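A.B. asks: Just one file: input.cif, with mmCIF, N, CA and C atoms.
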data_target
loop_
_atom_site.group_PDB
_atom_site.id
_atom_site.type_symbol
_atom_site.label_atom_id
_atom_site.label_comp_id
_atom_site.auth_asym_id
_atom_site.auth_seq_id
_atom_site.Cartn_x
_atom_site.Cartn_y
_atom_site.Cartn_z
ATOM 1 N N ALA A 1 11.131 36.608 -129.613
ATOM 2 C CA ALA A 1 11.086 37.268 -128.289
ATOM 3 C C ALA A 1 10.624 36.281 -127.219
ATOM 4 N N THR A 2 11.574 35.767 -126.446
ATOM 5 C CA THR A 2 11.278 34.808 -125.390
ATOM 6 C C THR A 2 11.364 35.465 -124.012
ATOM 7 N N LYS A 3 10.251 35.462 -123.283
ATOM 8 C CA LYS A 3 10.240 35.910 -121.894
ATOM 9 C C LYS A 3 10.443 34.701 -120.975
ATOM 10 N N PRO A 4 11.293 34.834 -119.936
ATOM 11 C CA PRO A 4 11.604 33.725 -119.019
ATOM 12 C C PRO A 4 10.349 33.123 -118.378
ATOM 13 N N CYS A 5 9.887 32.007 -118.932
ATOM 14 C CA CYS A 5 8.701 31.320 -118.434
ATOM 15 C C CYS A 5 9.051 29.903 -117.988
ATOM 16 N N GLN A 6 8.365 29.455 -116.918
ATOM 17 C CA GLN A 6 8.539 28.122 -116.316
ATOM 18 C C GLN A 6 9.028 27.104 -117.339
ATOM 19 N N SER A 7 8.286 26.992 -118.425
ATOM 20 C CA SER A 7 8.693 26.183 -119.553
ATOM 21 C C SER A 7 8.484 26.981 -120.831
ATOM 22 N N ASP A 8 9.357 27.972 -121.039
ATOM 23 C CA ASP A 8 9.325 28.818 -122.241
ATOM 24 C C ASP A 8 9.077 28.002 -123.516
ATOM 25 N N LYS A 9 9.552 26.753 -123.532
ATOM 26 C CA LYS A 9 9.346 25.855 -124.671
ATOM 27 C C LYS A 9 7.860 25.722 -125.004
ATOM 28 N N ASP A 10 7.053 25.508 -123.972
ATOM 29 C CA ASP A 10 5.618 25.293 -124.131
ATOM 30 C C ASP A 10 4.819 26.405 -123.458
ATOM 31 N N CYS A 11 5.436 27.574 -123.344
ATOM 32 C CA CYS A 11 4.732 28.765 -122.890
ATOM 33 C C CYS A 11 4.351 29.598 -124.105
ATOM 34 N N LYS A 12 3.182 30.212 -124.048
ATOM 35 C CA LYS A 12 2.658 30.975 -125.171
ATOM 36 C C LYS A 12 2.753 32.471 -124.892
ATOM 37 N N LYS A 13 3.194 33.217 -125.903
ATOM 38 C CA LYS A 13 3.434 34.650 -125.782
ATOM 39 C C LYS A 13 2.196 35.396 -125.286
ATOM 40 N N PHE A 14 2.366 36.113 -124.183
ATOM 41 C CA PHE A 14 1.307 36.922 -123.597
ATOM 42 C C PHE A 14 1.888 38.253 -123.131
ATOM 43 N N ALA A 15 1.119 39.320 -123.286
ATOM 44 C CA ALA A 15 1.547 40.652 -122.875
ATOM 45 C C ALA A 15 0.495 41.282 -121.974
ATOM 46 N N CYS A 16 0.904 42.271 -121.192
ATOM 47 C CA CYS A 16 0.014 42.929 -120.244
ATOM 48 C C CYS A 16 0.358 44.411 -120.121
ATOM 49 N N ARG A 17 -0.533 45.165 -119.487
ATOM 50 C CA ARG A 17 -0.318 46.590 -119.253
ATOM 51 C C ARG A 17 0.848 46.785 -118.283
ATOM 52 N N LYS A 18 1.714 47.759 -118.586
ATOM 53 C CA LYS A 18 2.963 47.979 -117.841
ATOM 54 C C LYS A 18 2.756 47.878 -116.321
ATOM 55 N N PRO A 19 3.573 47.066 -115.600
ATOM 56 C CA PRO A 19 4.694 46.274 -116.170
ATOM 57 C C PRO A 19 4.229 45.234 -117.202
ATOM 58 N N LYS A 20 5.019 45.046 -118.263
ATOM 59 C CA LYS A 20 4.559 44.313 -119.449
ATOM 60 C C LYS A 20 5.181 42.918 -119.579
ATOM 61 N N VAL A 21 5.902 42.445 -118.561
ATOM 62 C CA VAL A 21 6.566 41.139 -118.662
ATOM 63 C C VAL A 21 5.955 40.149 -117.666
ATOM 64 N N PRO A 22 4.962 39.355 -118.119
ATOM 65 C CA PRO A 22 4.267 38.384 -117.279
ATOM 66 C C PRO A 22 5.053 37.082 -117.139
ATOM 67 N N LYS A 23 5.724 36.921 -116.008
ATOM 68 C CA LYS A 23 6.509 35.725 -115.744
ATOM 69 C C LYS A 23 5.659 34.682 -115.024
ATOM 70 N N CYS A 24 5.437 33.550 -115.682
ATOM 71 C CA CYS A 24 4.688 32.442 -115.097
ATOM 72 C C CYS A 24 5.636 31.351 -114.611
ATOM 73 N N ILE A 25 5.680 31.159 -113.293
ATOM 74 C CA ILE A 25 6.508 30.124 -112.673
ATOM 75 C C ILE A 25 5.753 29.490 -111.507
ATOM 76 N N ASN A 26 5.801 28.159 -111.425
ATOM 77 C CA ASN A 26 5.158 27.410 -110.338
ATOM 78 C C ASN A 26 3.665 27.720 -110.255
ATOM 79 N N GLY A 27 3.057 27.977 -111.407
ATOM 80 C CA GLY A 27 1.627 28.233 -111.464
ATOM 81 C C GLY A 27 1.273 29.679 -111.179
ATOM 82 N N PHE A 28 2.250 30.453 -110.719
ATOM 83 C CA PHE A 28 2.039 31.867 -110.432
ATOM 84 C C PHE A 28 2.307 32.696 -111.685
ATOM 85 N N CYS A 29 1.453 33.682 -111.937
ATOM 86 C CA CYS A 29 1.593 34.566 -113.091
ATOM 87 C C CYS A 29 1.306 36.013 -112.697
ATOM 88 N N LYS A 30 2.260 36.895 -112.963
ATOM 89 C CA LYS A 30 2.094 38.322 -112.714
ATOM 90 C C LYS A 30 3.085 39.091 -113.589
ATOM 91 N N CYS A 31 2.972 40.412 -113.629
ATOM 92 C CA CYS A 31 3.719 41.214 -114.587
ATOM 93 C C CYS A 31 4.808 42.029 -113.897
ATOM 94 N N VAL A 32 6.021 41.898 -114.419
ATOM 95 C CA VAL A 32 7.180 42.634 -113.946
ATOM 96 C C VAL A 32 7.763 43.464 -115.087
ATOM 97 N N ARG A 33 8.722 44.316 -114.749
ATOM 98 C CA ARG A 33 9.403 45.154 -115.726
ATOM 99 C C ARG A 33 10.911 44.946 -115.582
#
Write the structure described by the file as structure tokens, please.

C.D. replies:
Amino acid sequence: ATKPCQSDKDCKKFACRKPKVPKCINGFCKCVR
């Protein structure tokens, strides 16, 4: 299960309260659905 992360290669699986998809890009991290 790969979530679109800045560098998914070296990004580590993390989950959050809904919205449950934490997209980290350009140092920014927040949760979308």

A.B. asks: Just how far from atom CA of residue 33 of chain A is atom CA of residue 8 of chain A, in Å to one decimal?

C.D. replies: 17.6 Å

A.B. asks: Quick one: distance from atom CA of residue 10 of chain A to atom CA of residue 28 of chain A in Å, one decimal?

C.D. replies: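 The value is 15.6 Å.
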
A.B. asks: Pick out the residues sitting within 12 Å of segment 16-18 of chain A, and hand them over as a ChimeraX atom specification; count only C-alpha atoms, and ignore anything fewer than 5 positions along from it in its own chain.

C.D. replies: /A:23,29-33

A.B. asks: To one decimal place, how far is atom C of residue 24 of chain A from atom C of residue 5 of chain A in Å?

C.D. replies: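 Computing it gives 5.0 Å between the two atoms.
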
A.B. asks: What parts of chain A does DSSP call strand (DSSP E or B)? I'd like the answer as a CSV table (one decimal) with N, CA and C atoms, in the coordinates of the input.

C.D. replies:
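Contents of selection-v7.csv, freshly written:
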chain,number,residue,atom,x,y,z
A,21,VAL,N,5.9,42.4,-118.6
A,21,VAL,CA,6.6,41.1,-118.7
A,21,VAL,C,6.0,40.1,-117.7
A,22,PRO,N,5.0,39.4,-118.1
A,22,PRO,CA,4.3,38.4,-117.3
A,22,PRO,C,5.1,37.1,-117.1
A,23,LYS,N,5.7,36.9,-116.0
A,23,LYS,CA,6.5,35.7,-115.7
A,23,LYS,C,5.7,34.7,-115.0
A,24,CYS,N,5.4,33.6,-115.7
A,24,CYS,CA,4.7,32.4,-115.1
A,24,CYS,C,5.6,31.4,-114.6
A,25,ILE,N,5.7,31.2,-113.3
A,25,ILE,CA,6.5,30.1,-112.7
A,25,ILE,C,5.8,29.5,-111.5
A,28,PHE,N,2.2,30.5,-110.7
A,28,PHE,CA,2.0,31.9,-110.4
A,28,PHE,C,2.3,32.7,-111.7
A,29,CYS,N,1.5,33.7,-111.9
A,29,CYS,CA,1.6,34.6,-113.1
A,29,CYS,C,1.3,36.0,-112.7
A,30,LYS,N,2.3,36.9,-113.0
A,30,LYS,CA,2.1,38.3,-112.7
A,30,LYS,C,3.1,39.1,-113.6
A,31,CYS,N,3.0,40.4,-113.6
A,31,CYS,CA,3.7,41.2,-114.6
A,31,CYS,C,4.8,42.0,-113.9
A,32,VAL,N,6.0,41.9,-114.4
A,32,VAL,CA,7.2,42.6,-113.9
A,32,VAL,C,7.8,43.5,-115.1
